Amino acid sequence: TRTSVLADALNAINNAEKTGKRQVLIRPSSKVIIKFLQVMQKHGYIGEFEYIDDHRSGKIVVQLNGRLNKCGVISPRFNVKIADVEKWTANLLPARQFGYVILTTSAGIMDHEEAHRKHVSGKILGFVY
Amino acid sequence: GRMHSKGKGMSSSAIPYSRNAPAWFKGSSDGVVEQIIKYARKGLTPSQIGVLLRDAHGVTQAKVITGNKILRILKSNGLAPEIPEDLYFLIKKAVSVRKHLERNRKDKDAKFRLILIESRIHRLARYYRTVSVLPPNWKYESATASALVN
Amino acid sequence: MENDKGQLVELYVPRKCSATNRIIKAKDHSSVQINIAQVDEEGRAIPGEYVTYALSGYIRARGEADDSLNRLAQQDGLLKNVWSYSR
Amino acid sequence: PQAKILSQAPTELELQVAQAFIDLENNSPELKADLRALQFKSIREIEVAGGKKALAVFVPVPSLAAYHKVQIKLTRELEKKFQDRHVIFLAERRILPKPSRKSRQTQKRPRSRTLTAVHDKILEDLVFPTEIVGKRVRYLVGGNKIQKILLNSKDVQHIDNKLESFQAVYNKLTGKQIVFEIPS
Amino acid sequence: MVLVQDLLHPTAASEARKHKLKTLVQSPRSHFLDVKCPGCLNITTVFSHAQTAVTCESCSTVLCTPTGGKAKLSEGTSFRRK
Amino acid sequence: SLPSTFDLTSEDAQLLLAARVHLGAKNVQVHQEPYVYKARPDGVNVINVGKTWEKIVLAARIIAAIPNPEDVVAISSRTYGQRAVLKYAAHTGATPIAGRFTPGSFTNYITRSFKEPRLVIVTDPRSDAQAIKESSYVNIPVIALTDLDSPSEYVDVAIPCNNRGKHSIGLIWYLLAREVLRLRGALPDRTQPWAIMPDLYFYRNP
RNA sequence: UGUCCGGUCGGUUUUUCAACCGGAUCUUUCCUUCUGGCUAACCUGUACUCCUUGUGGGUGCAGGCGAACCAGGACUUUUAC
Ligand SMILES: [Mg+2]
Ligand SMILES: [Mg+2]
Ligand SMILES: [Zn+2]
């Protein structure tokens, strides 16, 4: 089966980056995926991206900037209790300074810093450094 | 990538972009429905009916022209069989396999195939039960399977 | 990088490839600076003025490098008819 | 038939529209008949950015089909009647919103009524007997969803000049910035 | 195909080449060939991959023999496209 | 950006056609090459000419951009084009390599033929491949004359051309030389076939 | 909170500005709904004026905006996070 569509997409993106492609084609194209992409854009890791309407599920194209290094996805969507966020960041991200840990929460799909600012955490999706 | 075999093909029907009607290809929805009903009465299964519609007449999909599918339409009318079509087919196949086995005691591959078919049927049956079409506490197996079939 | 109030720390602030963005390392023995001389009207290649491109080594290794260069040139305005958007 | 074929009839514009319809009916082969089985829920006016204007004339929805069965000719007639303005025979759609966790079950909504779905329907309507091939949606670096509509290259004579107007209308309806496009 | 493909708009040739599935949007390349038989002057909207011994509207003429893919149009028969 | 002057002269095009710079490549074809202009049937590919010309021009420009002239190391192993290479070298002072390349030429600072280029030029990256590899060890640009079956690994500015050979490679070389001359040199005009000849280059009768 | 001066007796109060986090709303939009308690308020206008030439300002009560709170129904899709 096609489990974690988002994860697959992320993997594809990573592969593309490794190759030195300037853009990616993604099949399934979810809400979560879209959110992630938006977040990335906000941060400054991704160019344009466009949702094709296959009169069906979806189909995204992402413009890679050459800035992404890894665009990871942590596997089961672990339940993060605000203090554990720091730990997670330490585990995943290079440096206290930079990078993000994209985690869904009540407020919306946001990065770790954003969540902290809000004062609202939840379940992790991925990361970007 | 296929349920039972290790053959991972994509022999598949594409479907067109427009959910709306393919303009020129005319007729009427009501007429189509009537035709479907007639087919059902005659004995054609939903898939078969659909195929018929496709082949000679100007229908592409019922989903497009009517809005409704075919099975749903049949149900509305009062024409969908007690056992859903695919399931029925599977049962028939199983029965056939059993018969073959009976005829020829020594046949291992055949037996295996039969077993597989049975398993498939069971799965399907379970699914149906979960849905609520076939009533619960009911196994569609082998001895009574034949009876069910005919 | 920027200590206290500016004061740029960390020298060697690297050449980043034109095609990939990918940082060109200190010992990236494969990466190359192409210099393309600036054109003028009726002959003339304007001495001491270039469009300079950096190509990372990975791309070169791949063989996706020439194409990339061509694309870059097209983007700039050093070519016509060569690199198409769609293939 | 002035304040009759309009569901509920208060406004001047509505009255004018009714009058126009009546005038059209005056001909009477089948057009009149068609008109007799057609009404407006309301009318809405959209200012297009560039001289012209757009008339989103709202239809019940059961009569939408009827309109379509006529439409183009009728639309043309309307245009002729009222110069310097485009007409869109749009459908008055409900949009029963999404219920919250705490909120009340209004015996469920239909997915026909879901906001996105409604928008899609509107789009389908608004662009003429012409038909959409597909839609791109561009999420830009700043953060702006731009819908980009691929139109089917057959016909494309009615839409040709109205694209900007249509986009404007869409924006007014929803908020989304639409753009139109035709492939070779 | 390398680095900067620019993936929203391919050349149509490529699309044609690739599987009826493996393009941007799914879109079939089967057609409703509007066949006319030699007998009666009436048009049958025959889907090109019949899967059936395609009779006329009533008369037993036999229009198309369903080969696995596209149907062989039985004998000297004439057809329009779509 | 560009002058919009050099749009491939008709005469030049004719010459190229005669050479059969563009009837080369054959059946065999590389995925990194969109220099084709329609496949001629049964064991042939036709090469787009304008594109090739543009590439050549670019190469010439690049060459010009190198300031010290005795620097542009031209190379040729395979026999058809060695002469052409030599001619080119003679025309524009840049120490060439006809015949054997010598491994450890651009690396290995002891060798008698220790060159140190800032711009390498090649004919067949299928054959001279070694040279290209060597260059890749020490940060040098590589210009090369690609047939559509030739590898373009560690290659830049790959002038597309027929490497069946005989006339074609030589012709290409000549063209390149001309371009170089035009971009800073004696020749101030794109017109006039001038005192040189193509047939100075080409493979000779042994 | 950084800014713009310390307007000040090393600390404080605004503006020229900021990003950041909320809140109300309006957008085809309900946030659970009512049977009643308090209707705070003026949407008011009943006498119209203590009064710089004024819509600066309030003694003031029949229709009535209820969120300013309760105190009882009605029945909650239920979780996990
Ligand atoms: Mg598969
Ligand atoms: Mg299995
Ligand atoms: Zn007949």
# chains A, B, ... in the order shown; residues from 1 in each chain; ligands from 1
call {"tool": "residues_around", "arguments": {"residues": "range 162-165 of chain D", "least_positions_apart": "6", "cutoff": "8 Å", "atoms": "only C-alpha atoms (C1' of nucleotides)", "output": "PDB file with N, CA and C atoms, in the first residue's frame"}}
result
ATOM      1  N   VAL D  48     -15.762  45.589 -13.063  1.00  0.00           N
ATOM      2  CA  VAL D  48     -14.563  45.017 -13.683  1.00  0.00           C
ATOM      3  C   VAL D  48     -13.511  46.115 -13.806  1.00  0.00           C
ATOM      4  N   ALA D  49     -12.259  45.767 -13.511  1.00  0.00           N
ATOM      5  CA  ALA D  49     -11.152  46.727 -13.535  1.00  0.00           C
ATOM      6  C   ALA D  49     -10.715  47.041 -14.969  1.00  0.00           C
ATOM      7  N   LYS D  52     -15.524  48.280 -18.454  1.00  0.00           N
ATOM      8  CA  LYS D  52     -16.707  47.406 -18.475  1.00  0.00           C
ATOM      9  C   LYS D  52     -17.198  47.021 -17.076  1.00  0.00           C
ATOM     10  N   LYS D  53     -18.361  46.371 -17.039  1.00  0.00           N
ATOM     11  CA  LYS D  53     -18.946  45.838 -15.808  1.00  0.00           C
ATOM     12  C   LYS D  53     -19.534  44.446 -16.037  1.00  0.00           C
ATOM     13  N   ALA D  54     -19.772  43.730 -14.940  1.00  0.00           N
ATOM     14  CA  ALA D  54     -20.264  42.352 -14.986  1.00  0.00           C
ATOM     15  C   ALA D  54     -21.530  42.194 -14.152  1.00  0.00           C
ATOM     16  N   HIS D  86     -21.090  42.819 -19.322  1.00  0.00           N
ATOM     17  CA  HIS D  86     -21.205  41.376 -19.529  1.00  0.00           C
ATOM     18  C   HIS D  86     -22.200  40.776 -18.547  1.00  0.00           C
ATOM     19  N   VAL D 179      -7.159  33.217 -13.007  1.00  0.00           N
ATOM     20  CA  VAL D 179      -6.531  33.570 -14.280  1.00  0.00           C
ATOM     21  C   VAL D 179      -6.992  32.538 -15.305  1.00  0.00           C
ATOM     22  N   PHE D 180      -7.117  32.955 -16.563  1.00  0.00           N
ATOM     23  CA  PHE D 180      -7.563  32.064 -17.635  1.00  0.00           C
ATOM     24  C   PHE D 180      -6.481  31.807 -18.675  1.00  0.00           C
TER      25      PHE D 180
END
call {"tool": "interface_residues", "arguments": {"of": "chain E", "to": "chain A", "cutoff": "10 Å", "atoms": "only C-alpha atoms", "output": "list in words"}}
result
residues 1, 2, 3, 4, 5, 6, 7, 8, 24, 25, 26 and 27 of chain E
call {"tool": "write_last_selection", "arguments": {"atoms": "N, CA, C and O atoms", "output": "PDB file, in the first residue's frame"}}
result
ATOM      1  N   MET E   1      14.425  16.450 -19.898  1.00  0.00           N
ATOM      2  CA  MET E   1      14.595  15.254 -18.998  1.00  0.00           C
ATOM      3  C   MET E   1      15.686  15.374 -17.913  1.00  0.00           C
ATOM      4  O   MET E   1      15.690  14.569 -16.978  1.00  0.00           O
ATOM      5  N   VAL E   2      16.599  16.346 -18.030  1.00  0.00           N
ATOM      6  CA  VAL E   2      17.651  16.567 -17.024  1.00  0.00           C
ATOM      7  C   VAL E   2      17.563  17.957 -16.381  1.00  0.00           C
ATOM      8  O   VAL E   2      17.370  18.960 -17.070  1.00  0.00           O
ATOM      9  N   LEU E   3      17.693  17.982 -15.054  1.00  0.00           N
ATOM     10  CA  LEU E   3      17.738  19.206 -14.237  1.00  0.00           C
ATOM     11  C   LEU E   3      16.483  20.084 -14.303  1.00  0.00           C
ATOM     12  O   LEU E   3      15.699  20.103 -13.352  1.00  0.00           O
ATOM     13  N   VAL E   4      16.300  20.797 -15.416  1.00  0.00           N
ATOM     14  CA  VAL E   4      15.239  21.799 -15.554  1.00  0.00           C
ATOM     15  C   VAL E   4      14.282  21.380 -16.673  1.00  0.00           C
ATOM     16  O   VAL E   4      14.358  21.866 -17.805  1.00  0.00           O
ATOM     17  N   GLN E   5      13.387  20.457 -16.335  1.00  0.00           N
ATOM     18  CA  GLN E   5      12.399  19.933 -17.279  1.00  0.00           C
ATOM     19  C   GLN E   5      11.252  20.904 -17.524  1.00  0.00           C
ATOM     20  O   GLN E   5      10.748  20.985 -18.645  1.00  0.00           O
ATOM     21  N   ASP E   6      10.848  21.625 -16.472  1.00  0.00           N
ATOM     22  CA  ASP E   6       9.703  22.549 -16.505  1.00  0.00           C
ATOM     23  C   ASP E   6       8.433  21.761 -16.830  1.00  0.00           C
ATOM     24  O   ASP E   6       7.996  21.666 -17.980  1.00  0.00           O
ATOM     25  N   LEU E   7       7.848  21.216 -15.767  1.00  0.00           N
ATOM     26  CA  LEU E   7       7.052  19.985 -15.828  1.00  0.00           C
ATOM     27  C   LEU E   7       5.549  20.140 -16.059  1.00  0.00           C
ATOM     28  O   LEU E   7       4.860  19.141 -16.271  1.00  0.00           O
ATOM     29  N   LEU E   8       5.044  21.370 -16.035  1.00  0.00           N
ATOM     30  CA  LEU E   8       3.611  21.613 -16.201  1.00  0.00           C
ATOM     31  C   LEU E   8       3.178  21.470 -17.654  1.00  0.00           C
ATOM     32  O   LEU E   8       2.094  20.954 -17.928  1.00  0.00           O
ATOM     33  N   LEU E  24       0.399  13.957 -17.286  1.00  0.00           N
ATOM     34  CA  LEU E  24      -0.028  14.851 -16.200  1.00  0.00           C
ATOM     35  C   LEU E  24      -1.404  14.457 -15.677  1.00  0.00           C
ATOM     36  O   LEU E  24      -1.542  14.072 -14.516  1.00  0.00           O
ATOM     37  N   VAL E  25      -2.408  14.550 -16.546  1.00  0.00           N
ATOM     38  CA  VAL E  25      -3.784  14.172 -16.215  1.00  0.00           C
ATOM     39  C   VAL E  25      -4.136  12.882 -16.955  1.00  0.00           C
ATOM     40  O   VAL E  25      -3.729  12.690 -18.103  1.00  0.00           O
ATOM     41  N   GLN E  26      -4.893  12.008 -16.295  1.00  0.00           N
ATOM     42  CA  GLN E  26      -5.400  10.794 -16.935  1.00  0.00           C
ATOM     43  C   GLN E  26      -6.370  11.180 -18.045  1.00  0.00           C
ATOM     44  O   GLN E  26      -7.304  11.950 -17.812  1.00  0.00           O
ATOM     45  N   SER E  27      -6.137  10.654 -19.244  1.00  0.00           N
ATOM     46  CA  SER E  27      -7.012  10.912 -20.385  1.00  0.00           C
ATOM     47  C   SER E  27      -6.863   9.799 -21.427  1.00  0.00           C
ATOM     48  O   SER E  27      -5.771   9.605 -21.964  1.00  0.00           O
TER      49      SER E  27
END
call {"tool": "select_by_dssp", "arguments": {"residues": "range 11-196 of chain F", "states": "strand (DSSP E)", "output": "PyMOL selection string"}}
result
chain F and resi 72-76+97-98+119-121+142-143
call {"tool": "residues_around", "arguments": {"residues": "residue 48 in chain A", "least_positions_apart": "2", "cutoff": "10 Å", "atoms": "only C-alpha atoms (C1' of nucleotides)", "output": "MDAnalysis selection string"}}
result
(chainID A and resid 23 37:38 41 46 50 61:65) or (chainID D and resid 138:143)
call {"tool": "write_last_selection", "arguments": {"atoms": "C-alpha atoms", "output": "short mmCIF file (atom, residue, chain, number, x, y, z; two decimals), in the first residue's frame"}}
result
data_model
loop_
_atom_site.label_atom_id
_atom_site.label_comp_id
_atom_site.auth_asym_id
_atom_site.auth_seq_id
_atom_site.Cartn_x
_atom_site.Cartn_y
_atom_site.Cartn_z
CA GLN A 23 11.89 20.80 -9.71
CA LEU A 37 5.22 23.05 1.33
CA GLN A 38 3.76 26.39 2.41
CA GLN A 41 8.23 28.47 1.34
CA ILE A 46 11.38 26.22 -1.84
CA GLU A 50 1.55 24.25 -8.07
CA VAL A 61 4.90 20.29 -8.88
CA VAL A 62 7.50 21.90 -6.60
CA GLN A 63 10.24 24.31 -7.70
CA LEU A 64 13.44 23.43 -5.82
CA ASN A 65 15.74 26.37 -5.01
CA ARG D 138 -0.28 28.22 -7.99
CA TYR D 139 0.96 28.78 -4.43
CA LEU D 140 3.40 31.68 -4.79
CA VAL D 141 6.52 32.50 -2.75
CA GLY D 142 4.76 35.35 -0.92
CA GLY D 143 1.74 33.13 -0.18
#
call {"tool": "residues_near_ligand", "arguments": {"ligand": "ligand 3", "cutoff": "7 Å", "atoms": "only C-alpha atoms (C1' of nucleotides) and all ligand atoms", "output": "PyMOL selection string"}}
result
chain E and resi 40+56-59
call {"tool": "write_last_selection", "arguments": {"atoms": "N, CA and C atoms", "output": "CSV table (one decimal), in the first residue's frame"}}
result
chain,number,residue,atom,x,y,z
E,40,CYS,N,-28.5,-0.7,-43.6
E,40,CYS,CA,-29.4,0.4,-43.3
E,40,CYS,C,-28.6,1.7,-43.1
E,56,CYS,N,-25.9,-4.2,-35.2
E,56,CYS,CA,-26.5,-2.9,-35.5
E,56,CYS,C,-27.5,-2.6,-34.4
E,57,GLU,N,-28.3,-1.5,-34.6
E,57,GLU,CA,-29.4,-1.2,-33.7
E,57,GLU,C,-30.5,-2.3,-33.6
E,58,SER,N,-30.7,-3.1,-34.7
E,58,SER,CA,-31.6,-4.2,-34.7
E,58,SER,C,-31.2,-5.4,-35.6
E,59,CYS,N,-30.9,-5.0,-36.9
E,59,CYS,CA,-30.4,-6.0,-37.9
E,59,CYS,C,-29.1,-6.7,-37.5
call {"tool": "select_by_dssp", "arguments": {"residues": "chain A", "states": "helix (DSSP H, G or I)", "output": "ChimeraX atom specification"}}
result
/A:5-19,31-43,83-92,112-118
call {"tool": "residues_near_ligand", "arguments": {"ligand": "ligand 1", "cutoff": "9 Å", "atoms": "only C-alpha atoms (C1' of nucleotides) and all ligand atoms", "output": "ChimeraX atom specification"}}
result
/B:1-2,7-10
call {"tool": "residues_near_ligand", "arguments": {"ligand": "ligand 2", "cutoff": "9 Å", "atoms": "only C-alpha atoms (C1' of nucleotides) and all ligand atoms", "output": "list in words"}}
result
residues 2, 3, 4 and 5 of chain B
call {"tool": "interface_residues", "arguments": {"of": "chain C", "to": "chain E", "cutoff": "9 Å", "atoms": "only C-alpha atoms", "output": "list in words"}}
result
residues 64, 67, 68, 71, 85, 86 and 87 of chain C
call {"tool": "atom_distance", "arguments": {"atom1": "CA of residue 74 in chain C", "atom2": "CA of residue 175 in chain F"}}
result
21.9 Å
call {"tool": "closest_atom_pairs", "arguments": {"of": "chain F", "to": "chain E", "cutoff": "10 Å", "atoms": "only C-alpha atoms", "output": "tab-separated table"}}
result
residue	atom	partner	partner_atom	distance
F:31	CA	E:1	CA	7.8
F:32	CA	E:2	CA	7.2
F:33	CA	E:2	CA	10.0
F:34	CA	E:1	CA	9.8
call {"tool": "atom_distance", "arguments": {"atom1": "CA of residue 74 in chain A", "atom2": "CA of residue 31 in chain A"}}
result
17.4 Å
call {"tool": "atom_distance", "arguments": {"atom1": "CA of residue 169 in chain F", "atom2": "CA of residue 81 in chain F"}}
result
6.1 Å
call {"tool": "residues_around", "arguments": {"residues": "residue 22 in chain G", "least_positions_apart": "5", "cutoff": "12 Å", "atoms": "only C-alpha atoms (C1' of nucleotides)", "output": "ChimeraX atom specification"}}
result
/A:117-119
call {"tool": "residues_around", "arguments": {"residues": "residue 108 in chain F", "least_positions_apart": "6", "cutoff": "12 Å", "atoms": "only C-alpha atoms (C1' of nucleotides)", "output": "PyMOL selection string"}}
result
chain F and resi 102+114-116+134-135+137-138
call {"tool": "write_last_selection", "arguments": {"atoms": "C-alpha atoms", "output": "PDB file, in the first residue's frame"}}
result
ATOM      1  CA  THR F 102      50.477  11.909 -21.880  1.00  0.00           C
ATOM      2  CA  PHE F 114      53.511  19.359 -17.979  1.00  0.00           C
ATOM      3  CA  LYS F 115      50.975  21.766 -19.391  1.00  0.00           C
ATOM      4  CA  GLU F 116      48.957  23.989 -17.135  1.00  0.00           C
ATOM      5  CA  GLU F 134      42.921  14.507 -16.108  1.00  0.00           C
ATOM      6  CA  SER F 135      41.480  18.004 -16.461  1.00  0.00           C
ATOM      7  CA  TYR F 137      41.512  16.442 -11.325  1.00  0.00           C
ATOM      8  CA  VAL F 138      42.712  20.137 -11.417  1.00  0.00           C
TER       9      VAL F 138
END
